[PDB]
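Residue numbers (PDB author numbering), protein chains in the order written: chain A, 10 to 248; chain B, 10 to 247; chain F, 2 to 176, 185 to 195, 204 to 216, 223 to 235, 247 to 350; chain G, 4 to 136, 145 to 210, 228 to 355.
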Amino acid sequence: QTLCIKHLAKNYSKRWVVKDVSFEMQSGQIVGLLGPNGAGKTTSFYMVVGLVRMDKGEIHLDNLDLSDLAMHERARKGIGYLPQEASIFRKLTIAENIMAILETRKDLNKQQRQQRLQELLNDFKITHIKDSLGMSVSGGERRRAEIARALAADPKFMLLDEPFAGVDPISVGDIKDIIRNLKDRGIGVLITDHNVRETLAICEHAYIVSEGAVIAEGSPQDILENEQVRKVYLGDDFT
Amino acid sequence: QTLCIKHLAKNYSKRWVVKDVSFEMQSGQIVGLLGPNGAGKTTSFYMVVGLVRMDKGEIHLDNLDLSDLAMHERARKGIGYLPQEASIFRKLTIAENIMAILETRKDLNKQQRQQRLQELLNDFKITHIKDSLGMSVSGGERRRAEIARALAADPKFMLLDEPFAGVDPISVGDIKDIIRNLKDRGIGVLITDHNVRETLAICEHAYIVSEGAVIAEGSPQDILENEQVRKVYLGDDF
Amino acid sequence: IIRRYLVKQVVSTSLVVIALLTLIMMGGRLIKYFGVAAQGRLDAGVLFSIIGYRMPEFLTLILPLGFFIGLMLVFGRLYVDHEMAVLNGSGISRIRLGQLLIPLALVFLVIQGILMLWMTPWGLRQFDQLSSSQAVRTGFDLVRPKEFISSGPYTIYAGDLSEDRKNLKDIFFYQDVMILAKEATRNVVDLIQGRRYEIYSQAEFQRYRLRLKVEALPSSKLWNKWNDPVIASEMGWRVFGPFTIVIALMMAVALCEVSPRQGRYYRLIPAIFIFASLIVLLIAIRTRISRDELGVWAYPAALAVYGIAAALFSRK
Amino acid sequence: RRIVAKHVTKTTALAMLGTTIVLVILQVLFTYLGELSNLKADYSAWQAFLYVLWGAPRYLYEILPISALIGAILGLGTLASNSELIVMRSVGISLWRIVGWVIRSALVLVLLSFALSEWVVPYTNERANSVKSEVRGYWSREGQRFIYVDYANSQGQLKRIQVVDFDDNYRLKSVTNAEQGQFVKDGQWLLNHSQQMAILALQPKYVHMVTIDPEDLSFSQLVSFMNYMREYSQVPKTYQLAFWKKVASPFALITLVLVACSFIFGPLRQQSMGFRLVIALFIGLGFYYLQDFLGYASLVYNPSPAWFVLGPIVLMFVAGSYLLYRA
Ligand SMILES: CCCCCCCCCCCC(=O)O[C@@H](CCCCCCCCC)CC(=O)O[C@@H]1[C@@H](NC(=O)C[C@H](CCCCCCC)OC(=O)C[C@H](O)CCCCCCC)[C@H](OC[C@H]2O[C@H](OP(=O)(O)O)[C@H](NC(=O)C[C@@H](CCCCCCCC)OC(=O)CCCCCC)[C@@H](OC(=O)C[C@H](O)CCCCC)[C@@H]2O)O[C@H](CO[C@]2(C(=O)O)C[C@@H](O[C@]3(C(=O)O)C[C@@H](O)[C@@H](O)[C@@H]([C@H](O)CO)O3)[C@@H](O[C@]3(C(=O)O)C[C@@H](O[C@@H]4O[C@H](C(=O)O)[C@@H](O)[C@H](O)[C@H]4NC(C)=O)[C@@H](O)[C@@H]([C@H](O)CO)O3)[C@@H]([C@H](O)CO)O2)[C@H]1OP(=O)(O)O
Ligand SMILES: CCCCCCCCCCCCO[C@@H]1O[C@H](CO)[C@@H](O[C@H]2O[C@H](CO)[C@@H](O)[C@H](O)[C@H]2O)[C@H](O)[C@H]1O
């Protein structure tokens, strides 16, 4: 499965924040939507998610158009969204957090819904907090619970917003391990983040968006050897 | 001139976020107050600024106690603060933004206040936007205007809150050059930031706060070879 | 789990908002009642009975408004706390949440139907009887200190008055019979150290004794008689009134899309104004039908216009 | 410091003026909606609209405290959410200096309230009453004398006078009656048919104020009329309450603005603009309800209305000062 996005466009008060952003992502790929801050990478990611309606654009998922579809319809088509901020249900426990999205699965019955919830809890090592509320867990545990809840919806493409945001370098490895699991389960993962250096360490195919247009495409090595990305975004020296 | 902080403490709903944070900074030094997120580095930095009052603590500025003083009193004593958010006056122009704080100076008259404003505008290359409103400037230009406005008050210790936040890697060099000119003016600079790796590249003396207590002290080279720091904060590979 | 989660949040916040709105509005009316009592035109010991009897009438408006505000608060919290992003990101639309809270809307509709059909008319008739009992007070009941009170053929002046409307001092009474007493206690009034004059007769004494709606009708009695425009208006109001709960549900689902930065309470005031506009339109239609100018058909039309507007806004 | 002060004062003043305009428009619309149900043959929709518009200055005078509160909340929330107050503190400007700037901004609304109370409300209220639609049966006491006139005018004429005299023993002395009367000088009135039984301080300037409620009276009229009583009779407690409510109106506005500033610097710091507006509305409703209830209670309880009127103001000022001390 592939998520083909072409010719994105959006203006804010007659100011085109995004101008012709086109990129392709396949299932089982960690594609990074990077670029200078405010250059349209965040807006492009949001229109891909469905939180910002496109002015001009075409979004496809295996020759199935999603441009006219709303965010929930796109999610039903197999697209997941992980907000950067705390998106956990405050008054629901972690097990209840996962089960609330699991109960919406039309192809799962309760007998196997319980098994899916148990294996999701065991996968992310959040079983010890299955009975604890979403507001009474640490940041890493809360993020793991959110990712398990998102996986409970069975998405084909998980769109991560700033996964490495406000996280210690010690837990950057844990987040990288998690986002490499999301690609071991087939879930294409689209990452937009300000922390580009550790984002490029997991991405298989990176996209750089400058002043609303995509200026680069390829593996992180190709981005790092580019003569324009290091001219507008990465700087002359970048390790 | 030194800014001595010792035995900071603060609790939130009977949860001690900060427990005995002590660090010293001198005028002319770029000291980094780092640590794992939510471990008390931000709360300690805020207590040093004066935004949140300290439950237990002692702050001194050249044998002058600032523990009982408020944020504005500490600022008048020679402490500067640069908020991470867009803190520019939206409806005041950049020249007006700097002049607004220059007028608060009691040792400057208007004849030399104009000269100080002109040289501050020329220093940070914001003269071309002197007549442009603060809400209609770019992020880098707005940050430079905010730093010039903070310097207009003539602080002895500039406390920067997340200077490398939402900044491109190409523009990190500009921020580093700016923070090194605040130290090349004699303005001790205290930096707290999640982006530790580019923070340690300018700091002369770094502090790591984990679970409310200071766990490290020394140059960034000493920090990077500290077992506890890379055991709880930096990780095995960094 | 998501349905019971949303129901719990909406019930809790709607109960909080209903209690807060009851306090605000009913105390604002109770303060006017207390001012009337302080002016002597109402008994201070019965204003709480008025509060009790007018509780159903105020709740008749607070319940839809409270439900609407609670729904707005819950959905704004979902949007602000990014819980709506993961709900939408899981295939659960906002309209899906509105449909999930349909049973709670039906429960509140049943509650407001109980209020409008039975509780509100009963409270209104009790309050009307109480007001008729309190509209007959006259004489020393309405006296105020250091002022002259004229009630029919009686002119009364009192130099002082206690915290309660008893134990008058420096009393001047006029009819023509003139009675001036140093003290008087309360119409049966016992005067102390007074002098009686007639205009010429004089009589001194140490003590003296002086002895000077369709909105409330039961729904059973108004179910028939649709031909009468007033009865028709009242019954249409009592029948189509409870559906404002459902209108509030589909309207707060429509007008709750708020960004995290704006906040949970950002869109409350415009949406509260829209709901109040709906209720004012309903009241105007009620008056128009009572004047035999619009007909009962306007109630479902008024509800359906706002419902269609809310549905179109929520599905744009 | 002038540019910071000018910026804060201008932003807060614009917020207060915008809130004032919005609230006046809303209360005119709501009053017209409430009056639209009271239409008759001689009171059409245009007549109701004219009555509401003529009452608009009175509505504005009633709003200005709440308008100033909400304006201070909105302006200081705009500054705080933009982190302008944070840098104002971080450069050496105290909380009390910003509060003083906001109070300087609200002094414009205080002056507007003074102007409306003295020169606009007394005339526009009369115009509104005339559009919707000098005292008969006036009963008055002057010391030990009770004076009743069935009809009096501002021009100085009396009809059906009835004056009854008394002593410390409350014994009848003279009951004089008349059919017509005229005013020539203070303390004496010429009249015909002087039927005096054997066993005046009325003034025609203050006749037109008898029908007017004490609250609706302007401060000049209220002070003169209370002085007239205190010279010739006992002033009612309602007039004292109205006087204490009018003299404490600018102080109430200033204290409410200070409370708004303290809330912005305190509990409402880092809150949403919508939440700040909702809390401002709640504080306005609470203050209006508290002042109305305590004004009503002053008329029923022994203590002077000054206590009941200056209680909320002093307590709110103390609470705001303490919240500002907590920074
Ligand atoms: C479908 C599902 C849902 C269904 C829902 C359906 C509805 C449910 C239903 C539930 C039940 C219900 O209803 O519940 C409520 C309603 C809920 C709201 C509506 C909701 C609708 C739905 C949509 C949401 C109760 C109600 O309705 O109560 C009215 C009362 N109304 C109000 O109080 C209005 C506002 C409501 C505001 C609504 C809009 C805003 C919110 C959306 O507050 C409240 O509701 C209380 C509370 O706080 C509300 C909080 C809300 C919070 C919301 C939060 C989300 C009424 O008050 C009279 C007047 O009071 C004030 O003005 P002033 O008086 O000081 O001048 C009021 N201003 C003020 O306070 C100023 C305050 C406003 C209030 C406080 C703030 C609120 C803020 C909210 C956000 O702002 C400020 O400060 C500034 C802002 C501060 C806050 C800022 C945040 C006046 O408001 C206005 O203008 C409008 C407001 O500004 C708008 C607000 C705008 C804010 C921006 C008011 O109109 O008095 C009425 C009775 O009154 C009578 C009676 O009949 O018994 C009649 C009176 O007479 C008059 C009249 O004056 O009206 C003149 C007559 O000529 C005639 O026309 C006559 C008549 O026309 C009949 O014809 O009316 C009067 O009579 C006497 C008197 O002496 O005075 C003798 C008279 O003499 C004789 O009269 C006889 C007669 O005619 O009877 C004649 O026969 C005789 O021949 C004649 N003989 C001679 C000799 O003359 C005469 O002399 C007269 C004269 O006036 C002189 O005094 O005086 C009175 C007496 O006082 C005793 O009270 O008695 C009550 O009704 P009830 O009791 O029946 O309940
Ligand atoms: C669709 C039509 C246009 C809608 C416009 C937008 C409306 C927004 C909300 C308006 C709310 C105002 O609400 C209005 O408040 C007034 C206050 O004077 C109430 O009026 C109240 O006081 C008056 C004053 O005498 C009493 O006569 C009346 O019995 C009482 O209800 C009205 O009953 C209510 O309709």
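For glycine and all other residues, C-beta sits at the position ideal for the given N, C-alpha and C.
Following the DSSP letters along the chain, one finds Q121/B in no beta strand (DSSP E) but inside the alpha helix (DSSP H) bounded by residues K119 to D132. The beta carbon of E112/A sits closer than 8 Å to some beta carbon of chain F. Shortest gap from the CB of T34/G to any heavy atom of ligand 2: under 7 Å. At least one heavy atom of ligand 1 sits closer than 7 Å to the Cβ of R30/F. The beta carbon of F52/G sits no closer than 7 Å to any heavy atom of ligand 2. When Cβ-Cβ separations below 8 Å define contact, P45/A makes no contact with chain F.
Under the Cβ criterion of 8 Å, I32/F is counted among the residues facing chain G. One Cα belongs to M254/G, the other to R61/G, and the distance between them is close to 22 Å. Bridge pairing for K65/B: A18/B [DSSP]. Around the CB of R147/G, fewer than 16 other CB atoms lie within 10 Å, so the residue is classed as exposed. Contact of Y242/A with chain B by beta-carbon distance below 8 Å involves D177, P178 and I179. Judged by pairs of C-beta atoms under 8 Å, the stretch 284 to 296 of chain F does not touch the stretch 317 to 329 of chain F, as fewer than three such pairs exist.
Looking at the DSSP output, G89/A shares a beta bridge with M167/A. In the DSSP annotation of this structure, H203/B is not part of any alpha helix (DSSP H), being labelled neither H nor E.
Within its own chain, the residues whose Cβ lies closer than 7 Å to the Cβ of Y35/G, once the five positions on either side in sequence are excluded, are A51, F52 and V55, listed in chain order.
Under the DSSP assignment, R92/G falls in the alpha helix (DSSP H) whose first and last residues are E87 to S93. For a Cβ distance threshold of 7 Å, residue set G244 of chain B lies close to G182/A, ordered along the chain.
The Cβ atoms of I89/G and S53/B do not sit closer than 8 Å to each other. With respect to chain G, the C-beta atom of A79/B has a partner C-beta closer than 8 Å.
Between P294/F and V81/F a beta carbon distance of about 5 Å is seen, short of the 8 Å cut, so the two are scored as contacting.
Residues of the same chain with a CB within less than 7 Å of the CB of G312/G, apart from the 5 flanking positions on each side, are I69, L72 and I73 in chain order.
Setting aside the 5 residues that flank it on each side, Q93/A is surrounded in the same chain by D170, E171 and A174, each with a C-beta closer than 7 Å to its C-beta; the list follows chain order. The shortest CA-to-CA distance from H204/G to any of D176/G, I24/G, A48/G and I172/G is the one to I172/G. Taking a C-beta cut-off of 8 Å against chain A, the contacting residues of the stretch 205 to 219 of chain B are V205 and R206, listed in chain order. Ranked by Cα distance from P178/B, the first of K28/A, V223/A, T201/A and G244/A is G244/A.
In the DSSP assignment, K100/A falls outside any beta strand (DSSP E) and carries neither an H nor an E. Residue pairing for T194/F: DSSP places it in a beta bridge opposite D207/F.
DSSP links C13/A through a beta bridge to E33/A and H69/A. Contact fails between the stretch 14 to 29 of chain F and the stretch 186 to 193 of chain F, because fewer than three Cβ pairs, one in each stretch, are under 8 Å apart. The beta carbon of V111/F sits no closer than 8 Å to any beta carbon of chain G. Between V87/F and chain A, the shortest Cβ-Cβ separation is below 8 Å.
In summary, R272/F is buried, with 16 or more beta-carbon neighbours lying within 10 Å of its beta-carbon over all protein chains present. Under the 8 Å Cβ criterion, the stretch 111 to 119 of chain A does not count as touching the stretch 182 to 192 of chain A, having fewer than three qualifying pairs.
In this structure, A210/A has its beta carbon at no less than 7 Å from each heavy atom of ligand 2. For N128/G, the shortest C-beta to heavy atom distance toward ligand 1 is 7 Å or greater. Relative to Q225/F, the option among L112/G, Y181/G, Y317/G and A347/G whose CA is nearest is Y181/G.
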